[PDB]
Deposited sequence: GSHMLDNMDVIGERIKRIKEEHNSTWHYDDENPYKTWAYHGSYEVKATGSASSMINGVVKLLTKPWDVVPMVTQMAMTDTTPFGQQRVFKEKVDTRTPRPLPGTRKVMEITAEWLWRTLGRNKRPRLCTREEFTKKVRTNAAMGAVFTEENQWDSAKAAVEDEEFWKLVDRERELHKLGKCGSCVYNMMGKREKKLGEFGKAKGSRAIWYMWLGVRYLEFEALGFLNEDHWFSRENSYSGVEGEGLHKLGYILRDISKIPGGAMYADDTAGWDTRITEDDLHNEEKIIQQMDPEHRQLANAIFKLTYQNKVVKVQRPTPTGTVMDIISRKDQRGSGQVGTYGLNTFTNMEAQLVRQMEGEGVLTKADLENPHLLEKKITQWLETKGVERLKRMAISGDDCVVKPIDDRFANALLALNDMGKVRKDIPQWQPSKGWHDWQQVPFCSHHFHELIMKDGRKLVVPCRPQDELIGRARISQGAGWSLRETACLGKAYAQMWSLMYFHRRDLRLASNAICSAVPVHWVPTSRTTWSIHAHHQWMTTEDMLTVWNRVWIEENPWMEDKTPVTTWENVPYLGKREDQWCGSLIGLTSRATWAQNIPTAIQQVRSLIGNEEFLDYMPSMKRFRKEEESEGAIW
């Protein structure tokens, strides 16, 4: 395997020849270990607390989930722990018949996805514009430097020769240039999947790319109208670690639809950075901290450009295979059979495939499936055999589905149908409230001024106004944060990296105006475009639902907090200084 990965290791070895060594106490069992070199410790044992959000959410100072989120270890100790538990495993190879069905389904799926769109290369200017409209950091400085682009051209020339020299995945200025350059090249060859929305619902049927969190609930409610069995939402245990060599070969089939110049570069990403990979991971030792150089031929690199799209692809494929087994199209004998008859698989795909894709909502490893009946609950032979073993359940125990789309978990949320005072219905996203408060209380990094902290707090408050306004405690805390932070201060940083986040809260525009735009004007499931003129007409969950989902409403500590909130707002204001503030209470 050194013929593909050798050059990359050689450059790492030569760059760190001062401290390069083969550690014999290295813990890698399924990854090939190449060597180590000394580094300085990266990450922290805990996370920095947002004092603005914390001062305005006092009742949650005594909440266990809120305290757990304040932790999260990112040190070389924390890295090694998660690695041992998840990453250092081997997925048994699927059976010959399973491999055949997967190949037939992948070919059909790629042709269906490419029926209107044609693959294309992504550019230097697209990558630049994206980096620009994100930070405005060191990534924007590299994009601005012509010497970074000349390193890109040189690595590209190697890729055209079927070689790689610096595309290394990470679990001072030269190494940063090689990392960003590796990501640019991946984006150039596979970025079209994201940039041209191959996984939009109109293009993929099952996909939800570009839809946004506030649209996911409406999609689940539309799926519920399709005749069939229950709605299933099974969680795979560590999806990225279950991506097999057979999955990678099926994913690669997209190169068949590419122009010759694009195919060569995409083939280079697939063969050299997906099907072979060189990975850097930190590790503590009695001597200090080391960086290990490891490699393998399968699994998915979590941080890559193609990750979301290719996980969505393989999960759509895997769920269609499970649907076929549920329908009796695929038997136990079929999966073991190398000479499995292609005809009934092709017939099912050509006659039912698209209708079956419409019964699903698939976002990377997250899936919701409404099969034609409940035989799907016990259709586990292919799912387990493909390596997509469900999390925290015996392997052969039937899946439990839901007969109400409002109970279905999808993308860390569930969704409620609300009735507004004017009789119109809204479908809103929701999750346990402690997870929302616990996240907002976290500031990312260190050395942040009260202004930056207050502005991130404002971002969280405004996200709650737009997505979670239906939670009494979050509307109150949101109003308190926005009252404590100067009106003209622009929310900074980000509340989430989710593909489902459109960041409509990253503004100084009136939140009720933005609310109306999102939930009324631009909402395709809102036939009546009558604007809501007051927050008084913006609904809450029913009190019992709010409580079932974590509200502290009805508690004394909460009644005391609500009563005394103008005092805490005033305290934050007095520390921020002589700025313009608006009272939202």
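By the record, the deposited chain contains unmodelled runs at 1-6, 143-153, 189-204, 619-635, with no C-alpha atoms placed there.
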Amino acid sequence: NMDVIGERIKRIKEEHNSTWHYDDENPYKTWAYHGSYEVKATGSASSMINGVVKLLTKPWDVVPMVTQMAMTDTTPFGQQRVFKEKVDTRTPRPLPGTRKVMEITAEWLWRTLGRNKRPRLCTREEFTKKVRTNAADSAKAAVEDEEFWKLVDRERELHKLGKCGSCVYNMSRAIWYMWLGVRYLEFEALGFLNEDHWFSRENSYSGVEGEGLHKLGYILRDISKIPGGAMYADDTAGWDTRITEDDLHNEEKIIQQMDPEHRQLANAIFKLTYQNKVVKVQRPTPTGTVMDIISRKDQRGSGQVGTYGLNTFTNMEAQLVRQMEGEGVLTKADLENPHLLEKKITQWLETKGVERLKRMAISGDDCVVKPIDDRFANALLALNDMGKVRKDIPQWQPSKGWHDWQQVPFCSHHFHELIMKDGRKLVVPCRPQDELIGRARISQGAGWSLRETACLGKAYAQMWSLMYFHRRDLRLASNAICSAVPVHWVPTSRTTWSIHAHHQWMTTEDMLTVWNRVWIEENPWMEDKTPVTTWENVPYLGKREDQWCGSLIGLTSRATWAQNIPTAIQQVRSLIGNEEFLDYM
From here on, numbers count along this sequence of modelled residues.
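C-alpha atoms forming the largest set that superposes within 1.5 Å between two forms make up the rigid core.
Each structure in 7 other deposited structures of this protein is fitted to the shown form on the rigid core, and of 172-180 and 246-254 the C-alphas lie farther away on average for 172-180. Among other deposited entries of this protein with both flanking residues present, none omit coordinates for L310; it is modelled throughout, well short of a third. In none of the other PDB entries of this protein that model the residues around it does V278 lack coordinates, well short of a third. Between the stretches 280-288 and 344-352, it is 280-288 that shows the larger average CA temperature factor.
The stretch 82-90 shows the higher mean C-alpha B-factor when 82-90 is compared against 454-462 in the entry. Looking at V66, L56, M48, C549, the one whose CA carries the top B-factor in the deposited record is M48.
Out of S36, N523, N516, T530, the entry records its largest CA B-factor for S36. Ranked within its chain, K163 lands in the highest third, by CA B factor from the PDB record. Annotation for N315: C-alpha temperature factor in the lowest third relative to the rest of the modelled chain, per the entry. Annotation for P260: C-alpha temperature factor in the middle third relative to the rest of the modelled chain, per the entry.
Annotation for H414: C-alpha temperature factor in the lowest third relative to the rest of the modelled chain, per the entry.
Among the modelled residues of its chain, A41 has a C-alpha B-factor that falls in the highest third, as given in the PDB entry.
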